[PDB]
Amino acid sequence: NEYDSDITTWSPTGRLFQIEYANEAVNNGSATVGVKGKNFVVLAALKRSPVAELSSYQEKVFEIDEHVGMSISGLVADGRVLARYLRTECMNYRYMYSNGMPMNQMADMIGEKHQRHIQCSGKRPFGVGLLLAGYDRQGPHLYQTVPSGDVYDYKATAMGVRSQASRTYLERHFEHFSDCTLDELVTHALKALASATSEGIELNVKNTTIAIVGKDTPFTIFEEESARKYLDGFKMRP
Amino acid sequence: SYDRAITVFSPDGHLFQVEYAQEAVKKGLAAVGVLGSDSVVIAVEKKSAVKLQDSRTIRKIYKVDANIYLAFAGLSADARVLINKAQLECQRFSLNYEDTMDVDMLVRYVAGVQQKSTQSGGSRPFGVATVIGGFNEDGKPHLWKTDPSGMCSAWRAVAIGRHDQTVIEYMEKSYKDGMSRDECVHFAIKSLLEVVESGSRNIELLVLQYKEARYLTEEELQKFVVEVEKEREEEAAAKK
Amino acid sequence: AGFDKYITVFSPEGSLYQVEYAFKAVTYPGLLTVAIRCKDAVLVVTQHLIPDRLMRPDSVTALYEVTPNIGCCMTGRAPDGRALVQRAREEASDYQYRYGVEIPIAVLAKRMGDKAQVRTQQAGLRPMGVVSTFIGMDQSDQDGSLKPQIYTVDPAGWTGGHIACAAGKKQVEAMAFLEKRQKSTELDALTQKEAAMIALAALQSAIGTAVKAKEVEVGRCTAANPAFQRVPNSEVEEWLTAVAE
Amino acid sequence: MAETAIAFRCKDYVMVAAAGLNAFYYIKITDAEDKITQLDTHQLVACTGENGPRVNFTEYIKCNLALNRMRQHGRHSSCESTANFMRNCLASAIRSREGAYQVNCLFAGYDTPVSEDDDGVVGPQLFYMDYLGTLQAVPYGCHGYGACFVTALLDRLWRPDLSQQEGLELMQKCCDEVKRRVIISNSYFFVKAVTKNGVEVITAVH
Amino acid sequence: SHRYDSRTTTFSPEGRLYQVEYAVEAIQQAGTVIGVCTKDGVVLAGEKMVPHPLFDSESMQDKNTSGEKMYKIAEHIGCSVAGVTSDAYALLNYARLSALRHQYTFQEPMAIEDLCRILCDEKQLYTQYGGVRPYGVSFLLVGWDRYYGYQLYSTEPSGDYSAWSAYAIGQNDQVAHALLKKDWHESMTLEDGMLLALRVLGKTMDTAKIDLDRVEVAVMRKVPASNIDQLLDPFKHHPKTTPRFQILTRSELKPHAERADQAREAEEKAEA
Amino acid sequence: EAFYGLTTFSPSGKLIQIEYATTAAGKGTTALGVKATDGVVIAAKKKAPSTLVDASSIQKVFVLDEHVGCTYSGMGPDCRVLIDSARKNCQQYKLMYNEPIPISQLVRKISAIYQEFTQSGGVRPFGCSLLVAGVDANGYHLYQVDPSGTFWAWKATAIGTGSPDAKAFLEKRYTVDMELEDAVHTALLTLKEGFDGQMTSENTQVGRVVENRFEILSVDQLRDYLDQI
Amino acid sequence: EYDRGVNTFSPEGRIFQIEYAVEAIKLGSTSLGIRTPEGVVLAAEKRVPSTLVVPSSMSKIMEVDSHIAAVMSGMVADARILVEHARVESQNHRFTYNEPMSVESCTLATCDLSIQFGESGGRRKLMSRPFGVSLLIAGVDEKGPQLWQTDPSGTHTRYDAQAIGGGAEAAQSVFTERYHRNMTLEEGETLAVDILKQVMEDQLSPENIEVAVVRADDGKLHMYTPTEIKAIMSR
Amino acid sequence: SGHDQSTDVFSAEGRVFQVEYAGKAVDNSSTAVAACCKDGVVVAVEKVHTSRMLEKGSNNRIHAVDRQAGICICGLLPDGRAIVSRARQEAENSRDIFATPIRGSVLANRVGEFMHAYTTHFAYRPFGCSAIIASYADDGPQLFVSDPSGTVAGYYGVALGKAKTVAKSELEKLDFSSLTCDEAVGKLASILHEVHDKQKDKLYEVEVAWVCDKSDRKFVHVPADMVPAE
């Protein structure tokens, strides 16, 4: 293949192979699931488990603003850069208007930022995908961004390694998400995340992060200590 | 401006430009530095007497500062650029702090410059390795070596240039700690003559003592080289 | 030393391949234009054919106004010429703001040729695959009268005046017809009607299809009316009927 | 200008002297501050002005001279070359954003043949330097309030062929005159000399 | 695009810079010029291209600044070039600018070694930075300064320079070096030194009865001062003798050429 | 953005890009110049591609200043950049010294742009050669400048296609004490020898440097010289 | 080779330059790190090129601040830039907030410097290549002893016991056993010494390795001398 | 070979192959149609969804550029978003520097000039989308199409995308002189539904927008209960 070595090279069939490679990079990251309810959005992130004594920690879920947060999958450095950019833009907006940025405008800004790096010769696409969970006057929002620059407005979605199982599970309970309560939404997200784990690994607090955003709930991250309420009692019943 | 990435990684984790600069150093004139109890001896290969060079003597060991002297192996022009940078750094240091730069500070600066030469776009690395000797303002003789990759290390006896590994391995088993001024001058030549020809007109040696650096005259060099070559014949006879 | 034809570097024969290839982009679209000048006016006729009946015929055109007194026709890659038109307009405006007088047509053509030459010496820039034909009136000295003027700019930056010129697909046949007609009559002594008839006859003979009025667009500058304007379709129709004899 | 610097050149030496005064608006911070900076082995400058600009200018000049000696393999610069370098620096300062150096200089030196091919100056050299970038070779020069008091005195008493001891007595007379006629207290005068053997710090005169 | 970048300032698997070596090879085909540094002056003798019958001489006044092969950098500095002449002109202008800047700053003539060093950094800069080709020219610098007297320097198209008592660049430089080593001594006069120059040139270009239309000679010597005016600045020391760079004319070069070729017969007739 | 050099050395020490540019500079129409004890005359060949080209609009002889002219052979668009730079240099010199620029200094200035484009990054050498003729304080001058930047001073020379034959013809006919109109006759005859058809006053452009000025010849003047050879 | 650019993606999604710089880490010396409630221990193999080298001039463990140390593996010349940047950022944090800078923040600053590589000049001059250095930053802060690991990709990861360099996989295999949450400082030191023994081609001597400790109770960094290393071995 | 790797290179026959590859990428995108009805412009696009869990309105391809102007994207959506941002910048420049709404032809020319500039430099690649500009300015209703090559053409009716030829043939059956936007919306929706293959794109939605007199000459989306069900 002589059309995949550059970003400003079109394939003869009308393809951009570097962006496809970045999508492949996103497809190899840790699995994460986003679920949108009537008033709440819940993200579930599958972090690395310890090797029987050695617990490694890596920050995947970020808090962007009082009403916004996101989960990354893929290149962690690209996710950090995108988090810094989003936090700066949120701080700029809240300074000018004394209110949080609307989620649609935010998604447009992330899309434009992604597109800025897919057309210049001295640039490369972000090898990371994002799940944006937020709340504004228009209600709950759940977005997914890809290295190509496309932003998808989702009722429920998943991304990462072996996330097709999570997606096909969510495709059976998503139409009821508008009626499930917060606890039911968390259980659905946890089941979707568990559908993406390996054979011999069951979900537990050591290897799962739970992010929640709502109407009166600022974007809150839930980890080892605070995740006891949602993960201590939980098991996949086939 | 032109800022293309010149030094890049290879599929085996190697920087080919740095390795090629090191290979260019491997083809340079040999140089040795010896650390003594109160003196630092620097000897360089002093390529030859062409009979066409100027009668006026020119030193192949360069005075970076009143206390700090340098020798190089590799490309001469890159070495001159590096030496000019080091001299400017010494003057800037003595102008911003009123104190003379220590040997290790200058060595770190030179190593940093060489490192930046391997990570700046549109630029190839310096093909120079250096041996830097001197004294701080509180005695403390210092001898350091830098490579094209920008790595600096202090030695008790160091060799750079062609066949430097052989010289280092030879003087590893024969270097004694805390030698005198005459021993070190004796030690540097016999280590240098292992890879340079027995012709006595191709050695340039300089001794550094506290606030006093003096190049040996040709006759004083002959006195030491005859002794070291004679000792080499007795060593050969002792072997077989 | 292997490619020598993807960037603006000399071939072993002392030629620029990327500039010769831009000359083939002029004739690639299959369009043809003919510009002529009579004793008191200058006309340009460009093929304006719209195979797609769903396309608004008056939206796409190859005739542009550079200045009220200088008009232009672009033959070749349609967007490329558009870009050059913009440049030309800027080269006019700045000139108008620098000297206070309207830019002469020859000066504008020379500056446009200078712009084209830059893209043939800088490596990263692609030449504009169009031939520019500027028509207008030139203010003469010592008598004050106006004279028709045609100036062509090549993708190589070559700038040249013309009594009559053709550019595009089958331009050689049109030039041969114009040269043959020039051997008998004197083009600079003809009237506007005769020059228009000659230009339309050359355009028809180059392609051999007996064009209608909707298939061509004509721009014009006259001594009485120095402004560049497009000839209405009725006058083109009467010209074509006069040619049909 | 508050501090007076004196210099005079004889057949075999140049003697300079600089008041050691340092003050804060009427307060004598110290009276022993050496304002004579040795630039080279046979070169020095006596500088009048406030501490900041004077120290910065002298250190800049000395560091540049040392750097030139390094890059020229220990080749020492002539007095005229160094004086012109200082003059160029001062003249460039007056048209720069940071402003002019508020320093007045008396540059003294002794020129020796650098090699057997040398055919330049061999005697002593003295240069008067204004803060604006003026440079003038003078037999004697002065800066400060007492300068004029000394100058006429020198015009009365200076001779080209004065000996070292008689030159020392003349400098003592000049310093005494400055102490006698200037309201600004210049008690100590920091005398140095340049001869063929280099720079000597003379303690007899103060 | 980066595909067509030739990567001039890059190392090769042997640590050698191919552009520098190719420039050196280019200089090998240039005309030969030989410099001889004596104790009472320095002689430059170079072969110029065969004069076409339609060549015209630029009717320049002051016929001592630049010839067909030899140029003046400063009043005390001269040079000869070998290689790309158009590249040599830019470097000559740069050297003149550097010398005049040094004279502006210090009001003293620039040292020959300092000028040689400053223009060698210019050549070195193009071999490490910029991504363009280096200068394909070698310089033979001559001059006088009070620190070392008469000097002779040679520069490579890599930034390297060396000081020589006698050297040569251009065609057959190895043969010229071999012949100069045979015949050179420190107790050599200027006229003897010039005799060594031509005799080595005429043998490298393989000619008997050395042709005056194909050889150019320049001399850096010292002459008595002419324009010393003490009244305009009474405190300035004016040296008795000043260095002078003079390019020999057709009538001035042939008296020395006659010495060279009769010397040639005197040395070749006794070989039997 | 194209900051690397396009002209590089070859294993034989040759700058093949400059050689190719020189080859391009020798493919234009024949131009020539002749010096004489009281002036220099340069003549070019304006052979239009067709009879519909309005030969009055095409120029191969240019005025650089009130005392210096030029003509070329090769790429015309490449030549126009150098023509404009030379005119600007002449104007700047007149502004600086209030004197006409000497021909040698102008030739040096032109040669520096050639070297700039043969060594700087992202550009190719020029594909034209210049013949510069003028007057200065030390007489009449005629220079040839090539794409490499090298320049020579000539008594009579030619550039373009058929230049070896033109130079051979000029060598036998040129005389050291040739005067002005004799040089014009020689130049016209040399052009006629290699001319494909008949030389008309609309087919040739001639400029004779006469003692203070360049003064491109008029159509009537060229007819007066064409009906005499 | 310059066939591919420095920002190109592999068909598997990995950046070629970053993956090539990772393989340079495995060609370097072995470095260790142990986190325990009593403190954090850094160990490193010196691998001097000769017996004539002054071993203190090739310090594999550098002090970022009085509470933060850093041990590098790979290209020591590039590691100096990272350690200098970390020192500058820590001093800036102390200047601005009048408090010691956290270990995680220092690692964040190091990775922020590391990620800034590329080829497009534009407005900012970037590095032509990523760093061939993996950093292991140890420290004590308000969250107790913390150990972090830095990659050439610019990704920081908090670890309990991490090893970098040539003997990485064997050290991890030893880590799977013989390690728990609440080892004492002496036990961690002995574990580090034994792991260095298991992955060292040369013989272990007090001057052959470098050991440093940041104590939880003290809160300060303590470089161990050869006699202290011998005392560790004599246990 | 190397004659199709960058836009700054002409082929031996005078072609720019990278632009053609971008146009090929456009030709593989979802179908869009547009009609100028002598009283306004109606544009209709089909959006193919790869997931059934997408929120309604996701991946909007029609965006308002000014009050009276809008752009539909056929091709790479992020490139279309960049083009829409450029068009919005052009429209507000006219309203701020010249105090007048931008004419449809002027906006189309600006979009074409912006898209063409990326086909001339080696450091950039052409946009992989076609832009449909629908305006109702002082120059009347205007419908333009901008090609990745940067050429703009005005149309009465236009079709782009994978199912382009059949949609164009269906558009050939309209009159466009008696056609009004009210019935044109239904006509375009019916054409899009008929021409779309139901066995390859399982999840499809029809997104229709228009700007005529009924919206006070404002470019807006249709009321939800106006397009046909199928």
# chains A, B, ... in the order shown; residues from 1 in each chain; ligands from 1
$ residues_around --residues "segment 20-37 of chain G" --least-positions-apart "2" --cutoff "8 Å" --atoms "only C-alpha atoms" --output "ChimeraX atom specification"
/B:9-14 /G:16-18,39-47,71-75,130-134,136,138,144-147,151-152,159-168,181-185,188,192,196,199,216
$ interface_residues --of "chain A" --to "chain E" --cutoff "12 Å" --atoms "only C-alpha atoms" --output "CSV table (one decimal) with C-alpha atoms, in the first residue's frame"
chain,number,residue,atom,x,y,z
A,5,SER,CA,2.1,6.7,4.5
A,6,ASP,CA,0.7,10.3,4.5
A,8,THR,CA,-2.8,14.4,2.7
A,9,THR,CA,-2.9,11.4,0.4
A,121,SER,CA,0.7,17.6,6.1
A,122,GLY,CA,2.5,18.3,9.4
$ residues_around --residues "residue 99 of chain G" --least-positions-apart "4" --cutoff "12 Å" --atoms "only C-alpha atoms" --output "ChimeraX atom specification"
/G:65-67,90-95,141-142
$ interface_residues --of "chain A" --to "chain H" --cutoff "6 Å" --atoms "only C-alpha atoms" --output "list in words"
residues 8, 9, 10, 12, 14, 115, 119, 120, 121, 149, 152, 153, 154, 155 and 156 of chain A
$ residues_around --residues "segment 74-78 of chain D" --least-positions-apart "6" --cutoff "8 Å" --atoms "only C-alpha atoms" --output "PyMOL selection string"
(chain D and resi 40+65+111+114) or (chain E and resi 147)
$ residues_around --residues "residue 217 of chain G" --least-positions-apart "2" --cutoff "9 Å" --atoms "only C-alpha atoms" --output "list in words"
residues 38, 39, 215, 219 and 220 of chain G
$ residues_around --residues "residue 195 of chain B" --least-positions-apart "6" --cutoff "10 Å" --atoms "only C-alpha atoms" --output "PyMOL selection string"
chain B and resi 30+45+162-164+166-167
$ select_by_dssp --residues "segment 50-240 of chain B" --states "strand (DSSP E or B)" --output "PyMOL selection string"
chain B and resi 53+62-63+68-74+120+128-136+139-146+152-155+157-160+204-209+212-215
$ closest_residue --among "C:226, C:12, C:113, C:124" --to "chain H" --atoms "only C-alpha atoms"
C:124
$ residues_around --residues "segment 251-263 of chain E" --least-positions-apart "4" --cutoff "12 Å" --atoms "only C-alpha atoms" --output "PyMOL selection string"
chain E and resi 45+190-203+207-219+246-247+267-270
$ write_last_selection --atoms "N, CA and C atoms" --output "tab-separated table (two decimals), in the first residue's frame"
chain	number	residue	atom	x	y	z
E	45	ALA	N	50.23	31.90	-7.52
E	45	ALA	CA	50.37	31.68	-8.96
E	45	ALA	C	49.31	30.68	-9.40
E	190	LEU	N	61.65	36.52	-1.69
E	190	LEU	CA	60.40	36.66	-2.43
E	190	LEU	C	60.57	36.24	-3.89
E	191	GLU	N	61.58	36.81	-4.57
E	191	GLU	CA	61.82	36.47	-5.96
E	191	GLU	C	62.16	35.00	-6.15
E	192	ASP	N	62.88	34.40	-5.20
E	192	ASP	CA	63.07	32.96	-5.21
E	192	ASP	C	61.73	32.25	-5.05
E	193	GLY	N	60.91	32.71	-4.10
E	193	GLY	CA	59.63	32.06	-3.86
E	193	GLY	C	58.74	32.06	-5.09
E	194	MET	N	58.65	33.20	-5.77
E	194	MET	CA	57.90	33.25	-7.02
E	194	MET	C	58.49	32.29	-8.03
E	195	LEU	N	59.82	32.20	-8.08
E	195	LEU	CA	60.46	31.22	-8.95
E	195	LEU	C	60.01	29.81	-8.61
E	196	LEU	N	59.80	29.52	-7.32
E	196	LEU	CA	59.28	28.22	-6.94
E	196	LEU	C	57.84	28.05	-7.40
E	197	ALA	N	57.05	29.13	-7.36
E	197	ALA	CA	55.64	29.03	-7.73
E	197	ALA	C	55.48	28.65	-9.19
E	198	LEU	N	55.98	29.49	-10.10
E	198	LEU	CA	55.84	29.24	-11.53
E	198	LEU	C	56.42	27.88	-11.90
E	199	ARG	N	57.63	27.58	-11.41
E	199	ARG	CA	58.27	26.31	-11.71
E	199	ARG	C	57.41	25.13	-11.28
E	200	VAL	N	56.63	25.29	-10.21
E	200	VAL	CA	55.73	24.21	-9.82
E	200	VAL	C	54.45	24.25	-10.65
E	201	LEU	N	53.96	25.45	-10.98
E	201	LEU	CA	52.76	25.55	-11.80
E	201	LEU	C	53.00	25.00	-13.20
E	202	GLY	N	54.06	25.47	-13.87
E	202	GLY	CA	54.32	25.05	-15.23
E	202	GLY	C	54.56	23.56	-15.37
E	203	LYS	N	54.94	22.90	-14.28
E	203	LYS	CA	55.11	21.45	-14.29
E	203	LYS	C	53.81	20.72	-13.97
E	207	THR	N	53.78	22.20	-19.15
E	207	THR	CA	54.15	23.09	-20.24
E	207	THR	C	55.63	23.44	-20.15
E	208	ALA	N	56.28	23.53	-21.31
E	208	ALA	CA	57.59	24.15	-21.42
E	208	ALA	C	57.42	25.51	-22.08
E	209	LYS	N	58.28	26.47	-21.72
E	209	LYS	CA	58.12	27.86	-22.14
E	209	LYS	C	56.76	28.39	-21.69
E	210	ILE	N	56.62	28.48	-20.36
E	210	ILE	CA	55.37	28.80	-19.68
E	210	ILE	C	54.65	29.95	-20.37
E	211	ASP	N	53.38	29.75	-20.70
E	211	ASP	CA	52.61	30.72	-21.47
E	211	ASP	C	52.09	31.83	-20.56
E	212	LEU	N	52.35	33.06	-20.98
E	212	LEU	CA	51.97	34.25	-20.23
E	212	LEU	C	50.47	34.54	-20.29
E	213	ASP	N	49.77	34.00	-21.29
E	213	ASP	CA	48.35	34.25	-21.46
E	213	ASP	C	47.48	33.31	-20.63
E	214	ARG	N	48.08	32.41	-19.86
E	214	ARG	CA	47.34	31.38	-19.14
E	214	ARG	C	47.72	31.34	-17.66
E	215	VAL	N	48.56	32.27	-17.20
E	215	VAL	CA	49.05	32.29	-15.82
E	215	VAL	C	48.81	33.67	-15.23
E	216	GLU	N	48.41	33.70	-13.96
E	216	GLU	CA	48.21	34.93	-13.21
E	216	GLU	C	48.96	34.83	-11.89
E	217	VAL	N	49.59	35.93	-11.47
E	217	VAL	CA	50.42	35.95	-10.27
E	217	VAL	C	50.06	37.17	-9.43
E	218	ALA	N	49.91	36.96	-8.12
E	218	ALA	CA	49.66	38.02	-7.16
E	218	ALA	C	50.65	37.91	-6.01
E	219	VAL	N	50.95	39.04	-5.38
E	219	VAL	CA	51.92	39.10	-4.30
E	219	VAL	C	51.36	39.91	-3.14
E	246	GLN	N	49.30	43.09	-4.68
E	246	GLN	CA	49.50	43.55	-6.05
E	246	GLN	C	49.39	42.38	-7.01
E	247	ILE	N	48.55	42.53	-8.03
E	247	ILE	CA	48.40	41.54	-9.08
E	247	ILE	C	49.33	41.91	-10.23
E	267	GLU	N	68.14	22.97	-15.21
E	267	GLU	CA	67.98	21.78	-14.38
E	267	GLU	C	67.70	20.52	-15.19
E	268	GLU	N	67.21	20.63	-16.42
E	268	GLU	CA	66.92	19.45	-17.22
E	268	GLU	C	68.05	19.07	-18.17
E	269	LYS	N	68.97	19.99	-18.48
E	269	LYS	CA	70.05	19.67	-19.41
E	269	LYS	C	71.12	18.78	-18.79
E	270	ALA	N	71.24	18.76	-17.47
E	270	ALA	CA	72.29	18.02	-16.79
E	270	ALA	C	71.85	16.63	-16.34
$ interface_residues --of "chain C" --to "chain F" --cutoff "6 Å" --atoms "only C-alpha atoms" --output "PyMOL selection string"
chain C and resi 9-10+12+14+117+121-124+157-158+161-164
